[PDB]
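One chain follows as structure tokens, the form deposited in one PDB entry.
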């Protein structure tokens, strides 16, 4: 098996429309945000612009191949894969995807999709200009798949731009299960708390 063959088979048998549940257990999706930049904070309106890598991870056995005599990874256009229907509940603009829309697929069926995204959010910006900073919560989960079909779990400003007007004090993640008044089932989400503040001109 070479790359050409692997990619051909994947394209030929894809089913991007089919959630890869295994024996009616949920697809376990991991989500983690790597913050790159904070761009346009407004303490009056409670709005922020953020750039982040949305590290998204899951398993789709239908993509697996025997890599005994083959590459054990390929990069694949997401239009050829099933992908989780994640959305940020408190986003007030659609995601601006800054990077090539490719996922990495391992021979065992593990998938990693990690685009860089710029997006505007509605959240608590109060205190951004004090020492203890502001804490903005971002809520991400499956739009249409309940907890029996999709579960989401969480996995250092290492990637954060030194040229931002802001700095990161702390990031914490938390998992929730929510029942909305519209539907009888429960839906999982991850809440990411971003604690940040304006740098001093001197800093």
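Positions refer to the first chain, counted from 1. Whichever C-alpha set is largest while still superposing within 1.5 Å between the two forms counts as the rigid core.
Keep in mind that the form deposited in another entry is not shown, yet the notes after this line are about it.
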item: Core-fitted Cα difference of 2 Å or more between this form and the one not shown, single residue among 81, 102, 86, 125; value: 125
item: Exceeds or equals 2 Å, Cα of residue 170 between this form and the one not shown, core fit; value: no
item: C-alpha of residue 193 off by 2 Å or more between this form and the one not shown on rigid core; value: no
item: Residue 66 C-alpha relocation of at least 2 Å between this form and the one not shown, rigid core basis; value: no
